[PDB]
Structures are given as structure tokens and as C-alpha cells.
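*Asks:* Experimental structure and its sequence below.
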Amino acid sequence: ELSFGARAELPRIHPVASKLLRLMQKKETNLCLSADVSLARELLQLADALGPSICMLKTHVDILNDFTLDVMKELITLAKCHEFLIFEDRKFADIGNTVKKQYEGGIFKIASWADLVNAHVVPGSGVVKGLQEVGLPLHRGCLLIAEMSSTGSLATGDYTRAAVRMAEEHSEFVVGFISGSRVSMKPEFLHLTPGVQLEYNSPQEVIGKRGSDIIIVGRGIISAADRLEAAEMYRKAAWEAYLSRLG
Amino acid sequence: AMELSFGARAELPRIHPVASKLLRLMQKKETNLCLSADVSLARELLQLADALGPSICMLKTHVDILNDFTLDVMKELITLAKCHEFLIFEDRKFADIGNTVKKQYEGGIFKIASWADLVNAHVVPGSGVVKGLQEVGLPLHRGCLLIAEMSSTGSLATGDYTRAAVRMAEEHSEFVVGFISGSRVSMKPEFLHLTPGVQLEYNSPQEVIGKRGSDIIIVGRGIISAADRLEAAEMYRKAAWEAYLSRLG
């Protein structure tokens, strides 16, 4: 198994993945914060305070009651200052011109500020092909939702295998997966895993035993009194899990 | 069973109020056409809703492609919807769960639940998506459509996926009023079936409504890209309605 830093130098690595992997190595963080807040002040305050501890800030811009593009400009400044990527967890699922406009256009103009977005694969590769039309020109990346832990989840084996093929077939845009474990043996792909809690699975299980790269964590940090301490606890846990599996 | 009329179906014991309202106006107006209003400007959305409203039972929106969205725009659409008698279906294809999906439906800038009679959802995450939506949607007297089938190339809605969608709808019948599908997926007449991918020249209204047993055609560019949108709308309405009358017996 190769280090984040070496993976960033792989021949076939996507530029956004490379950028992500470098900063994870520099900062010793594979923690993605899920910033599930409804006010812009809260979002930016968290971004600024926890920025040093994270590789990535995951947003839902569509729950921001006071969204404006200027709010996103300020978030970008923090992302640049503190060195993290912005991932809008929009879970795109439409196709064709609809999905291109949902990514590029409307009020949110997600593509203008989101380094990464994600997509569901169930509609077939039209979802990624449509996002691509926007995303390639704008030098972005995409994550495919390959597995799901939620009760009744219908991502079968075939479903998951099909996610992985679609990513491979679209490697110029798709940079990895949202998943419960390693789903692809190609080190150019990132694996991001939600449902992580210290007390759900633990960072040790997700990164150590299941082979994922990045933990996504929301309530475990956000609902805590001291968010920085919490973020740091999660960072140290996931990073050690990572160092432990390298050799 | 027997093939009941839209108007009679609206009187079924177990019919959802929104589905009843929909079926009544479908019968009253002789339309089972849903316009897909895939436009990026509020003025064109409202112009089309006003002009075509008499010919449609439903207007399907993507609020998130509207470059000049405001809630006042949606207030204006509601007035048109009331005047001409059609429902508003935001095709948001919800897929998150828990408090996220609740806030995506109730909150943010769009406040979808405040104006959308109907929304839809993907079932792939499990029943969490519906359960999350229904915490908002039930109090606000709304309905939901589950995406049970897809014709798009490489779609992964297997038989099992489709049966699971039907199951989920039956287990959440206080909120779920029907399906997005290419064909009939449930034999319960309380459930609506809406079918996209329809054009006269894809499948025709005759095939979708007449042979495959779907209730409503969803039509976008076949109307929107035409010179005379009203004529096209009327063309699709007459095709879908006649296909429906032809299957009743």
C-alpha cells in the first residue's frame, strides 16, 4: 500500500485527487468535516476554526437559509488559506441538460466553487456524462456513491461493481467513491466513508480494517461543545489508522 | 380487476388527498399530460404555465435550474396553478436521509415544501429518504412519487429494485401517492403512474398510456422546443386522453 503522498504522484492521478492527496500528507489529515448547518456565519466559523484539521469540507448549500454567492467566495478564501477542498454533497441523479444546469447554473452555481461533487449511479452513466460536460472544462472532480449503509439500501454487489466500472470509464472526471470500504484496487481512486463515530463504525475500522482513505464526520464534531478538540480527536484517530496500514 | 376512471379512482376509500385532487381535475379537464417546464428563466416558466395551464394536469419544475428564482416567482406559479387547476411537481429526485433531506425539502432558499404539491425521490438509499421527507410532507399535506423504473442507458433499477420501490410506497401510503415509471408497477388503483420519455415521433402516448397502463405522460422538449407550444401541448393532451379512454372498457 502506497502513501497519500506517493499516490498524488501517480501517472494516471486526476489533478484534483493529487491536490487533495498532497494536502492530506502535508497536514496529516484524512478527515472530511460534514458542515451540516443552516446559517452562513456558522459554516464559515467552522471552516476557519477547523480548516487546519481537515482535508475537505462537505457542504449542503441547499440547506443554507442565507446562501449567496459571496458566502461561497469567503469559503473559498478559507479553503485556500487553510488548504482543504470543498465537496458539495448534492448527490446528483438526473441526466442530460438538466443535470448540467443543476451543476453549472441556477442560483447555486455549484461548479463555480465546489472542487468536488457526488453522484448516484442508478440512472446509468448519463449522470456523470452530463456533469462532465460542465466539470471537465472547469477542472473539477466527481465521486460516485458505490455503497450505502442505510437501512434498506439497495446498492447490491452488481450495483457496486457497476459504480466502479463507471468511474474507471470516466477517470478524467471521476476521482473516487463514497463507500463503506475499499471498492476499487486502483490507488488513483479515493474512498470516502460516512457514518463514522468514535463511540456507524469507528475511524479505526473504516480506515484500518476496511481500507478507506477519508472519514466523513458531522454530528460527532458539530454537536460537540468544543469542535476543534473533537475535530482533532477524529483527525488523530483516522491518521493513525492510515499510518498503521501502510508498512 | 376493473379499469376505473380517473374520477372514480379519486373516490377510492384509501386515496391520498393530493392524488384525489389530481384525479378530479384530470377528469374535469380531460388532460393527463404533465408539462416538463425545463426553462432557466422565471418569465418563460410563468408564461408557459399560464398559456398551457388549461391543457395540463401537472407542471413539472426544476427550481434549481432557475437563474432568477425567488419565492415570489413560486407565489406567482401557485396563482396560475390555482386558476388553471394543475398541480406543481418539483422533480428534485431527493436521495439523502434524516435531517438533511428534511431541510432540503422544507428549508434553504427554495423552501420546496411551501409550494410543491408533489416531489419525487430515489429509493436506492432505503426508506430513510421517504421517512425524512414525510416528517415535513405529512404535516404540510403533500405527496411523493418514488422513481421505480428508469429507461436511461445503463439504468440499474432491476426487477428487485422496482419491487422494493413498490413495497416502500405501500408501506408509506399516507405520503407516497405513486411512481415515476415506464409502465404499471402496482395493481393498486390508488397509486398514480407518471411516465417520462414521451414523444409523438422514447415511446408514444399510445404505447405509454394505452398499452403500458401508465396514467400520466411527462413531456418536455416535444412541447417546449416547438414553435406553437399550445398546439403541441394540445396534440399531446388529445393523444394521452384518447389512449386513456381506449383502455377503460
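*Replies:* Here it is on my side, so go on. Numbering: from 1, shown residues only, chains lettered A, B, ... in the order given.

*Asks:* what ranges do the helices span in chain A?
*Replies:* With helices called from DSSP state H, chain A shows them at A:4-7, A:15-27, A:40-50, A:69-82, A:96-104, A:126-135, A:157-168, A:203, A:219-222, A:227-246.

*Asks:* Would you mark the buried spots in the last one?
*Replies:* Spelled out, it's helix A:227-246. Residues A:227, A:230, A:231, A:232, A:233, A:234, A:235, A:237, A:238, A:239, A:241, A:242 are the ones in helix A:227-246 that count as buried (16 or more other C-beta atoms under 10 Å in any protein chain shown). The C-beta positions use only the backbone N, C-alpha and C, and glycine is treated the same way.

*Asks:* Show me the beta-bridge partners of the residue positioned nearest the centre of chain A.
*Replies:* Compute the mean C-alpha point of chain A, and by C-alpha atoms, centre = their mean the closest residue is residue A:87, 5.2 Å away. Bridge pairing for residue A:87 (DSSP bridges) gives the partners residue A:58, residue A:116.

*Asks:* ok, it touching residue A:55?
*Replies:* No - if you go by C-beta atoms under 8 Å, residue A:87 and residue A:55 don't touch, sitting 9.9 Å apart.

*Asks:* Identify the contacts common to those two.
*Replies:* residue A:32 (C-beta atoms under 8 Å, 6 or more residues apart in numbering or on different chains).

*Asks:* re earlier: please work out which of the helices of chain A is packed deepest.
*Replies:* Mean neighbour counts were taken over the helices of chain A using mean count of other C-beta atoms under 10 Å in any protein chain shown, and the top value, a mean of 27, falls to helix A:203.

*Asks:* Next, the residues that contact that one from outside, please.
*Replies:* For helix A:203, the external contacting residues (C-beta under 8 Å, 6+ apart) are A:196, A:215, A:234, A:237, A:238, A:241.

*Asks:* now stretch A:15-31
*Replies:* When contacts are defined by C-beta under 8 Å, 6+ apart, stretch A:15-31 is touched by residues A:3-5, A:7-10, A:13, A:52-56, A:83-85, A:115-116, A:139-141, A:175-176, A:188-190, A:207, A:213-215, A:217, A:231, A:234-235, A:238-239, A:242.

*Asks:* likewise stretch A:41-49?
*Replies:* A:33, A:35, A:37, A:57, A:59, A:64, A:71, A:74-75, A:78-79, A:82, A:222, A:227-228.

*Asks:* how does it look with 7 Å?
*Replies:* Contacts to stretch A:41-49, defined as C-beta atoms under 7 Å, 6 or more residues apart in numbering or on different chains, come from residues A:35, A:37, A:57, A:64, A:74, A:75, A:78, A:227, A:228.

*Asks:* Up against chain B, what does chain A have?
*Replies:* Contacts of chain A with chain B, taken as C-beta under 7 Å from any C-beta of the partner chain, map to A:36, A:38, A:60, A:62-65, A:67, A:91, A:93-95, A:98, A:101-102, A:105-108, A:120-126, A:148, A:150-155, A:159, A:162.

*Asks:* From those residues, which land in strands?
*Replies:* Assigned to strands by DSSP state E, the following of the residues of chain A next to chain B qualify: A:91, A:120.

*Asks:* List only buried entries from the residues of chain A next to chain B.
*Replies:* So, by 16+ other C-beta under 10 Å, the buried ones in the residues of chain A next to chain B are A:36, A:38, A:60, A:62-64, A:67, A:91, A:93-95, A:98, A:101-102, A:105-108, A:120-126, A:148, A:150, A:152-155, A:159, A:162.

*Asks:* What is the end-to-end distance of stretch A:76-91?
*Replies:* 21 Å (C-alpha to C-alpha, to the nearest Å).

*Asks:* how far does it sit from the chain's center?
*Replies:* How far stretch A:76-91 lies from its chain's middle: 10 Å, per C-alpha atoms, centre = their mean, to the nearest Å.

*Asks:* which other residues reach that stretch?
*Replies:* A:20, A:23, A:27, A:32, A:44, A:47-48, A:51-52, A:54-61, A:75, A:110, A:113-120, A:145, B:95-96.

*Asks:* List the contacts of residue A:120.
*Replies:* Applying C-beta under 7 Å, 6+ apart, the residues near residue A:120 are A:91, A:93, A:127, A:145, B:95, B:122, B:124.

*Asks:* so which two of these are the farthest from each other?
*Replies:* A:127 and B:124 (12.3 Å; C-beta to C-beta).

*Asks:* Now do stretch A:233-247: everything it contacts.
*Replies:* A:1, A:3, A:28-31, A:53, A:198, A:203-204, A:207-208, A:215, A:217, A:220-221.

*Asks:* what about burial for those, which qualify?
*Replies:* A:28-31, A:53, A:203-204, A:207-208, A:215, A:217, A:220-221.

*Asks:* Residue A:217 and residue A:35 touch, don't they?
*Replies:* No - using C-beta atoms under 7 Å, residue A:217 is not in contact with residue A:35, being 10.4 Å away.

*Asks:* what do those two both touch?
*Replies:* Between them, residue A:217 and residue A:35 share no contacting residue, judged by C-beta under 7 Å, 6+ apart.
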